[PDB]
Amino acid sequence: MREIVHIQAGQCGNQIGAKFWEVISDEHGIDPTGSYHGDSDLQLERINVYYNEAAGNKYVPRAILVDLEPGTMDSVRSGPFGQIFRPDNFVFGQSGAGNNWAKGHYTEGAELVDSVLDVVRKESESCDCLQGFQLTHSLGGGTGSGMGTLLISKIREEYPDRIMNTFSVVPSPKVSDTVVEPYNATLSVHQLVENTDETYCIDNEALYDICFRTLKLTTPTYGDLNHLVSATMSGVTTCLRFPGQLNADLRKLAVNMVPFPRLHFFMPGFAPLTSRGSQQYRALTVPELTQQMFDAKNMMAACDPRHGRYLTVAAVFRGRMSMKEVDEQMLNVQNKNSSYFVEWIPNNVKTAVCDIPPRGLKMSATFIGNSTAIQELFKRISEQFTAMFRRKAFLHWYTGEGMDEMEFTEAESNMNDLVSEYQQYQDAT
Amino acid sequence: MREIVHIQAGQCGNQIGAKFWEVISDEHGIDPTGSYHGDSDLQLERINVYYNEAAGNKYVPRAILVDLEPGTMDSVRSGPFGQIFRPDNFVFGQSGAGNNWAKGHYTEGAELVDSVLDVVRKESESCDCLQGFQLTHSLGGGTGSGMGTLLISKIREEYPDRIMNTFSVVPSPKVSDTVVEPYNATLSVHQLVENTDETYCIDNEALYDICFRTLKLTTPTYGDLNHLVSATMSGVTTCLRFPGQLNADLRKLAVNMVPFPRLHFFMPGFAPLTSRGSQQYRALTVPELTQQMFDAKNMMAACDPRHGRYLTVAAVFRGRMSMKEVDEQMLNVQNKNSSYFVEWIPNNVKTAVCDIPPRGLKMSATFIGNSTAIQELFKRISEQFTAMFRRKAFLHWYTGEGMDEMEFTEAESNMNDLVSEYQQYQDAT
Amino acid sequence: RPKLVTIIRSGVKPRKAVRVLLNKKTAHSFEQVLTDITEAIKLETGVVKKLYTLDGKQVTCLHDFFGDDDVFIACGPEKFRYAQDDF
Ligand SMILES: Nc1nc2c(ncn2[C@@H]2O[C@H](COP(=O)(O)OP(=O)(O)O)[C@@H](O)[C@H]2O)c(=O)[nH]1
Ligand SMILES: Nc1nc2c(ncn2[C@@H]2O[C@H](COP(=O)(O)OP(=O)(O)O)[C@@H](O)[C@H]2O)c(=O)[nH]1
């Protein structure tokens, strides 16, 4: 039971799953053909969450992939673990996004969405007990910014009780991958807070320095940057899929993580991170994992937790370790870092202990942070937004695709109404 | 016992049997010579329904083939399974139809019918216990539109108690194979409702998209389109010919399917449909077969079941599966699709379970639908009829072969009296 | 700058009134819109020759006949059907 339908969108949203589904299938011993090769019977205890069991003792990933051009979909099947997907789920257009939010939401998005929402529904009838949907996209491009949000506004009308979480890619602070990424941010962030229960923000820029200052990788390609995205997503659902002493799921990580229902922008962290030339000099102790998480250079977003206070902290643990030993460390970091947490919330640390470690290690963890340091992440977007919009710059493509100025004006102040909440809860007593 | 005499008519009516009789003989292990090569003794339990057992331990198909020219009959014997037919049953003229209903019913039809009705009678004396006759023809051509209906008006006078069913080919909505197909439709549909107990309407146009959107065939020729016609006809008589737990026949599929005796136009469906590049990713479960039938793209007729309500639903199952498991699915689709069925009929779903699966698969089914969505199928014909007839266009060939205007006027309003019944029973309470 | 109008097909009623863009940058002739609409709609013949109004009263011939926020109907070789689509 508790199945989760996985949905992807965008060029960034596809190639993450080519790394993500490689990691999940290797946690259960699955070849790229699709048969079984594991040794322990624990691996098939909760296999049905990401696998509909087909005939011939095969397994298919309950996954739907969306693009507006086939230039990326054929690149998935021609790589490793590309044979595992069912060929009926690749729903795609022919023209392309044009890196436009208006074309990703009104022009080509209205046509392709009916060929997706029946496929979700065809998986929904196959859901024995649906838990919620997860989405992987970006916020700066054309497809993952618009076509993902066009699904969410139609999914939430079909499923109000079901949870919803997006592993989006927030664009970098300083370097710019996309010219029109401030327009793609604000017009999509206005849609995220309407119909998403939580969001795990990932920056590109912070993942470079994690793979450079800590892993010391000489040539970090996408086969290693997206690997840390997969370690985050597998680090959340690892209590739903294996017997642990203290269970957790996306239901427990929603109400215990979001106390006010519009404040649901998170920050993930991963630990430990041993380099290939530095793994043989580190103590593998449980308090070693705590002091590596709570700094700045392990966050997966361009944020300064020294400027801001946390509200809810979820640390999902894997392996075999004492319950009292972890909770002493979680209490001690609340005492010494008393300025770093908010005053009016007791027991601001959530403990999740599983019993299956990641393959290749002995013990590990996964950090989920919720601080008011993301107000720098959005005001920097809104500062870039008001500079471009006051000149009516790059407006004759959005307006050329059926859009008015009042769409911008409500979406501009709603981000300002978002950040003004975070500053309000920052320094109260 | 319970023999069925198979009659064919038209160029379309002949080449279907070249695919149809290939399928039936392969369900009992019969070479194109005509001997026996099977392994199980179950196959010869009801072999006498489509086979008169001749001397030398051979078997002949109880089949009569009719054309108005020998341009197709010699093409049957020069292919596979063309040696199996008796050379005395090929009764054919020499001139040709001319693609004319008047010449297919009055000019050449009066001559050839006496050389057929004795052959039916010569098979009728060989009938140990006659069940009924089945006919395969079209409705747009010359021979299958007229010469088939000229047999039915003479058969029904000879056999009022015997059942009668025609696997006709209703012409396509948009593309036009025949110029005079609205005249060939209405002048034959007036004759079908007089002396046929049921009719299974098959469109050409819907069978293209079944072989393209679902089977993903690159080059669909008639060796694969007529194969789905054979899977329909074999999917009905599969309870009459093999021991199942809950039997069925054409007698049970007549009164339980037609509640008002003039409303006997059906729509067939077939399931499952696995492509050669998609068969290794599908679960072979019993509720998988149900959700594939009840959509639009599996119907074998240009119909929209979303606009219209069903009246009688017959699903004939083959294989080994639980009785309670099927009936839970048949009850559930009545509950959720409550607008899709008529209100004043309880138990509108007929269950037929056999125990012999089709060769090459493990489990299968066959859908028989009876909805009020065929009123679009006939009003589109009658709209094309009144446009051509008001100009007296293409009338100087029918009138040139002994036909008056009053033949059209009664036949025009009888189709309007047919469709006005369907709209009357559509939205009552 | 663009137009927010929509189109359905007549007499059958499954259509949910898709809203294609109508703009000078995407269209430069009235007859061009009559042929670009054909891939996103289905008719009997498919000749999108005419389009009648919201109530099918008058014919259309120009881009300047397009007041915002109204529904049109697929026409051509057929006639108006008195369809209660927007109800
Ligand atoms: N981490 C990561 N980011 C990627 C990858 N490919 C693209 N991106 C990011 O995706 C964003 C651009 O979105 P894009 O996929 O091109 O547009 P869309 O397909 O129209 O949604 C930028 O922020 C890129 O940094 C990848 O393989 N890994
Ligand atoms: N499915 C199918 N339809 C056929 C085939 N051959 C002819 N038809 C259909 O038969 C109709 C034309 O009838 P035809 O046989 O030429 O006339 P008749 O011999 O005088 O009754 C059209 O609707 C064709 O699509 C065939 O092999 N398969």
# chains A, B, ... in the order shown; residues from 1 in each chain; ligands from 1
call {"tool": "interface_residues", "arguments": {"of": "chain C", "to": "chain A", "cutoff": "8 Å", "atoms": "only C-alpha atoms", "output": "list in words"}}
result
residues 1, 2, 3, 4, 18, 20, 21, 23 and 25 of chain C
call {"tool": "residues_near_ligand", "arguments": {"ligand": "ligand 1", "cutoff": "8 Å", "atoms": "only C-alpha atoms and all ligand atoms", "output": "ChimeraX atom specification"}}
result
/A:9-13,15-16,67-68,97-100,104,137-146,169-172,177-178,203-204,207,222,225-226,229
call {"tool": "write_last_selection", "arguments": {"atoms": "N, CA, C and O atoms", "output": "compact mmCIF listing (two decimals), in the first residue's frame"}}
result
# COMPACT_ATOMS: atom_id res chain seq x y z
N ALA A 9 8.86 16.54 -15.58
CA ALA A 9 8.55 17.57 -16.55
C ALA A 9 9.79 18.41 -16.80
O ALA A 9 10.46 18.83 -15.86
N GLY A 10 10.09 18.67 -18.07
CA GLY A 10 11.20 19.51 -18.45
C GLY A 10 12.44 18.70 -18.80
O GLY A 10 12.55 17.50 -18.51
N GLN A 11 13.39 19.38 -19.44
CA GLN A 11 14.67 18.76 -19.76
C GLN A 11 15.46 18.44 -18.50
O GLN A 11 16.12 17.40 -18.41
N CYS A 12 15.40 19.33 -17.51
CA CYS A 12 15.98 19.03 -16.22
C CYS A 12 15.19 17.96 -15.49
O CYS A 12 15.78 17.13 -14.78
N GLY A 13 13.87 17.94 -15.66
CA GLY A 13 13.04 16.98 -14.96
C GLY A 13 13.19 15.56 -15.45
O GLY A 13 12.82 14.63 -14.73
N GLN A 15 16.30 14.08 -16.92
CA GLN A 15 17.61 13.49 -16.67
C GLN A 15 17.90 13.31 -15.19
O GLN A 15 18.84 12.59 -14.84
N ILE A 16 17.13 13.94 -14.30
CA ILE A 16 17.23 13.64 -12.88
C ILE A 16 16.73 12.23 -12.61
O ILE A 16 17.35 11.47 -11.86
N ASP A 67 7.72 16.08 -21.80
CA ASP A 67 8.49 17.13 -22.44
C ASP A 67 7.64 17.70 -23.57
O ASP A 67 6.61 17.14 -23.93
N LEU A 68 8.08 18.82 -24.13
CA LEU A 68 7.43 19.41 -25.29
C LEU A 68 8.18 19.12 -26.58
O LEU A 68 7.80 19.64 -27.63
N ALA A 97 9.33 24.07 -26.08
CA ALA A 97 8.84 25.08 -25.14
C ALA A 97 9.11 26.49 -25.64
O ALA A 97 8.25 27.37 -25.52
N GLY A 98 10.29 26.72 -26.20
CA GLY A 98 10.72 28.06 -26.48
C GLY A 98 11.22 28.82 -25.27
O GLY A 98 11.48 30.02 -25.39
N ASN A 99 11.38 28.13 -24.14
CA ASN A 99 11.80 28.69 -22.85
C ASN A 99 10.88 29.84 -22.44
O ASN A 99 11.31 30.91 -22.02
N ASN A 100 9.58 29.59 -22.57
CA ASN A 100 8.55 30.60 -22.35
C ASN A 100 7.53 30.03 -21.38
O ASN A 100 7.00 28.94 -21.60
N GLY A 104 4.52 27.54 -22.11
CA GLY A 104 4.49 26.36 -21.27
C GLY A 104 3.26 26.21 -20.42
O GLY A 104 3.14 25.23 -19.69
N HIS A 137 11.09 19.11 -11.53
CA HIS A 137 11.14 20.08 -12.62
C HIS A 137 12.09 21.20 -12.22
O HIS A 137 12.84 21.09 -11.25
N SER A 138 12.06 22.29 -12.98
CA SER A 138 12.80 23.50 -12.67
C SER A 138 11.84 24.68 -12.60
O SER A 138 10.63 24.55 -12.79
N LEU A 139 12.40 25.85 -12.31
CA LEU A 139 11.63 27.07 -12.18
C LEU A 139 12.10 28.17 -13.11
O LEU A 139 11.52 29.27 -13.09
N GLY A 140 13.12 27.93 -13.92
CA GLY A 140 13.65 28.95 -14.80
C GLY A 140 13.39 28.68 -16.26
O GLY A 140 13.32 29.61 -17.07
N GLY A 141 13.23 27.41 -16.61
CA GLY A 141 13.03 27.02 -17.99
C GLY A 141 11.63 27.28 -18.52
O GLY A 141 10.88 28.08 -17.94
N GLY A 142 11.27 26.63 -19.61
CA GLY A 142 9.94 26.80 -20.17
C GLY A 142 8.99 25.68 -19.79
O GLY A 142 7.87 25.94 -19.34
N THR A 143 9.43 24.44 -19.95
CA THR A 143 8.54 23.30 -19.71
C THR A 143 8.34 23.06 -18.22
O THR A 143 7.20 23.05 -17.74
N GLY A 144 9.43 22.87 -17.48
CA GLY A 144 9.33 22.56 -16.06
C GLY A 144 8.77 23.68 -15.22
O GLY A 144 8.28 23.43 -14.11
N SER A 145 8.83 24.92 -15.71
CA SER A 145 8.24 26.03 -14.97
C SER A 145 6.73 26.09 -15.18
O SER A 145 5.98 26.33 -14.23
N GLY A 146 6.27 25.88 -16.41
CA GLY A 146 4.87 26.04 -16.71
C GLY A 146 4.06 24.76 -16.74
O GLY A 146 3.00 24.68 -16.11
N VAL A 169 14.02 23.09 -9.03
CA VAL A 169 15.39 23.59 -9.13
C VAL A 169 15.29 25.11 -9.12
O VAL A 169 15.00 25.73 -10.16
N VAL A 170 15.51 25.71 -7.97
CA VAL A 170 15.54 27.17 -7.86
C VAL A 170 16.79 27.69 -8.56
O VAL A 170 17.87 27.11 -8.39
N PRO A 171 16.68 28.73 -9.40
CA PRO A 171 17.86 29.21 -10.13
C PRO A 171 18.89 29.87 -9.22
O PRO A 171 18.58 30.34 -8.12
N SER A 172 20.12 29.89 -9.71
CA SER A 172 21.29 30.29 -8.95
C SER A 172 21.25 31.79 -8.64
O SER A 172 20.60 32.56 -9.35
N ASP A 177 21.62 30.95 -15.77
CA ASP A 177 21.49 29.97 -16.84
C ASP A 177 20.46 30.42 -17.87
O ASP A 177 20.60 30.14 -19.06
N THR A 178 19.42 31.12 -17.43
CA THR A 178 18.30 31.49 -18.27
C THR A 178 18.14 33.01 -18.24
O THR A 178 18.24 33.62 -17.17
N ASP A 203 19.34 24.56 -5.35
CA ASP A 203 20.08 25.45 -6.22
C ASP A 203 21.13 24.69 -7.00
O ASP A 203 21.69 23.70 -6.53
N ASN A 204 21.41 25.17 -8.21
CA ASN A 204 22.55 24.65 -8.94
C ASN A 204 23.85 25.10 -8.31
O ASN A 204 24.77 24.29 -8.15
N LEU A 207 25.32 23.29 -5.25
CA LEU A 207 25.77 21.93 -5.52
C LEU A 207 27.12 21.87 -6.21
O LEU A 207 27.76 20.81 -6.19
N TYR A 222 27.21 15.85 -14.67
CA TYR A 222 25.85 15.64 -14.18
C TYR A 222 25.62 14.24 -13.65
O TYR A 222 24.64 14.02 -12.94
N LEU A 225 26.38 15.40 -9.93
CA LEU A 225 25.54 16.44 -9.33
C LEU A 225 24.12 15.93 -9.12
O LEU A 225 23.53 16.16 -8.06
N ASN A 226 23.56 15.24 -10.11
CA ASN A 226 22.23 14.67 -9.95
C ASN A 226 22.22 13.50 -8.99
O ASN A 226 21.15 13.11 -8.51
N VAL A 229 21.01 14.77 -5.83
CA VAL A 229 19.57 14.98 -5.86
C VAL A 229 18.85 13.68 -5.55
O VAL A 229 17.84 13.66 -4.84
call {"tool": "interface_residues", "arguments": {"of": "chain B", "to": "chain A", "cutoff": "7 Å", "atoms": "only C-alpha atoms", "output": "PyMOL selection string"}}
result
chain B and resi 278+281-284
call {"tool": "atom_distance", "arguments": {"atom1": "atom CA of residue 301 of chain A", "atom2": "atom CA of residue 168 of chain A"}}
result
11.4 Å
call {"tool": "select_by_dssp", "arguments": {"residues": "segment 237-386 of chain A", "states": "strand (DSSP E or B)", "output": "short mmCIF file (atom, residue, chain, number, x, y, z; two decimals) with N, CA, C and O atoms, in the first residue's frame"}}
result
data_model
loop_
_atom_site.label_atom_id
_atom_site.label_comp_id
_atom_site.auth_asym_id
_atom_site.auth_seq_id
_atom_site.Cartn_x
_atom_site.Cartn_y
_atom_site.Cartn_z
N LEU A 246 11.25 3.92 14.40
CA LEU A 246 10.36 5.07 14.43
C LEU A 246 10.09 5.47 12.98
O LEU A 246 10.95 6.04 12.32
N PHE A 265 8.58 26.31 2.05
CA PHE A 265 9.81 26.24 1.27
C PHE A 265 10.93 25.73 2.16
O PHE A 265 11.24 26.34 3.19
N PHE A 266 11.53 24.61 1.78
CA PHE A 266 12.49 23.91 2.61
C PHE A 266 13.89 24.07 2.05
O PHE A 266 14.13 24.77 1.06
N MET A 267 14.84 23.40 2.71
CA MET A 267 16.20 23.30 2.26
C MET A 267 16.74 21.94 2.67
O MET A 267 16.61 21.56 3.85
N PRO A 268 17.26 21.16 1.74
CA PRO A 268 17.75 19.83 2.08
C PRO A 268 19.23 19.79 2.38
O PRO A 268 19.99 20.66 1.93
N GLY A 269 19.66 18.77 3.11
CA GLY A 269 21.07 18.53 3.32
C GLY A 269 21.34 17.03 3.36
O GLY A 269 20.46 16.23 3.67
N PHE A 270 22.57 16.67 3.03
CA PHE A 270 22.97 15.27 3.00
C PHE A 270 24.28 15.09 3.75
O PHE A 270 25.15 15.96 3.72
N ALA A 271 24.40 13.94 4.41
CA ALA A 271 25.57 13.62 5.22
C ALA A 271 25.64 12.12 5.37
O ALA A 271 24.60 11.46 5.46
N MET A 299 24.39 22.93 2.92
CA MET A 299 23.05 23.23 2.45
C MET A 299 22.99 23.13 0.93
O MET A 299 23.95 23.48 0.23
N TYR A 310 15.69 28.66 12.27
CA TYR A 310 14.93 27.50 11.83
C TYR A 310 13.57 27.48 12.51
O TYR A 310 13.36 28.09 13.56
N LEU A 311 12.63 26.77 11.90
CA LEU A 311 11.34 26.49 12.51
C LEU A 311 11.13 25.01 12.75
O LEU A 311 10.83 24.60 13.88
N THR A 312 11.28 24.19 11.72
CA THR A 312 11.14 22.74 11.83
C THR A 312 12.36 22.08 11.21
O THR A 312 12.80 22.46 10.12
N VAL A 313 12.91 21.09 11.91
CA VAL A 313 14.11 20.38 11.48
C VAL A 313 13.80 18.89 11.46
O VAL A 313 13.47 18.31 12.51
N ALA A 314 13.91 18.27 10.29
CA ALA A 314 13.71 16.84 10.13
C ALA A 314 15.03 16.20 9.72
O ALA A 314 15.58 16.53 8.67
N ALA A 315 15.51 15.27 10.54
CA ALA A 315 16.72 14.51 10.23
C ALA A 315 16.33 13.05 10.14
O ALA A 315 16.00 12.42 11.15
N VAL A 316 16.35 12.50 8.93
CA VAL A 316 15.95 11.13 8.68
C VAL A 316 17.21 10.26 8.66
O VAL A 316 18.08 10.44 7.80
N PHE A 317 17.29 9.33 9.59
CA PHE A 317 18.49 8.53 9.79
C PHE A 317 18.33 7.13 9.21
O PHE A 317 17.23 6.56 9.22
N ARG A 318 19.43 6.58 8.72
CA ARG A 318 19.48 5.22 8.20
C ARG A 318 20.65 4.49 8.84
O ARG A 318 21.71 5.09 9.08
N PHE A 341 17.66 29.22 16.43
CA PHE A 341 16.31 28.68 16.36
C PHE A 341 15.32 29.71 16.87
O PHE A 341 15.67 30.66 17.57
N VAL A 349 12.92 19.77 16.57
CA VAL A 349 13.76 18.80 15.88
C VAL A 349 12.97 17.51 15.75
O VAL A 349 12.50 16.96 16.75
N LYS A 350 12.82 17.03 14.52
CA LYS A 350 12.09 15.80 14.25
C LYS A 350 13.08 14.68 13.96
O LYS A 350 13.99 14.83 13.13
N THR A 351 12.90 13.55 14.63
CA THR A 351 13.79 12.41 14.52
C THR A 351 13.10 11.31 13.72
O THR A 351 11.96 10.95 14.02
N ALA A 352 13.79 10.80 12.70
CA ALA A 352 13.30 9.68 11.90
C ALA A 352 14.41 8.66 11.77
O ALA A 352 15.44 8.94 11.15
N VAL A 353 14.21 7.49 12.35
CA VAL A 353 15.22 6.44 12.40
C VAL A 353 14.73 5.26 11.58
O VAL A 353 13.69 4.67 11.89
N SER A 364 24.24 6.63 7.64
CA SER A 364 24.03 7.86 6.90
C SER A 364 22.84 8.60 7.51
O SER A 364 22.22 8.14 8.46
N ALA A 365 22.53 9.76 6.93
CA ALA A 365 21.40 10.56 7.35
C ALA A 365 20.95 11.43 6.18
O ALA A 365 21.53 11.39 5.09
N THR A 366 19.90 12.21 6.41
CA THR A 366 19.40 13.15 5.41
C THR A 366 18.76 14.32 6.14
O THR A 366 17.85 14.13 6.94
N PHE A 367 19.25 15.52 5.85
CA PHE A 367 18.83 16.72 6.56
C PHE A 367 17.72 17.43 5.79
O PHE A 367 17.83 17.63 4.58
N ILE A 368 16.67 17.82 6.51
CA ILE A 368 15.61 18.66 5.98
C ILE A 368 15.53 19.91 6.85
O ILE A 368 15.22 19.81 8.05
N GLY A 369 15.79 21.06 6.26
CA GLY A 369 15.81 22.33 6.98
C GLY A 369 14.65 23.22 6.55
O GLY A 369 14.23 23.19 5.39
N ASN A 370 14.16 24.01 7.50
CA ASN A 370 13.10 24.99 7.25
C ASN A 370 13.48 26.24 8.04
O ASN A 370 13.15 26.34 9.23
N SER A 371 14.15 27.18 7.40
CA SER A 371 14.58 28.40 8.06
C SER A 371 14.03 29.61 7.32
O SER A 371 13.54 29.53 6.20
#
call {"tool": "atom_distance", "arguments": {"atom1": "atom CA of residue 20 of chain B", "atom2": "atom CA of residue 279 of chain B"}}
result
24.1 Å
call {"tool": "atom_distance", "arguments": {"atom1": "atom CA of residue 186 of chain A", "atom2": "atom CA of residue 411 of chain A"}}
result
6.6 Å
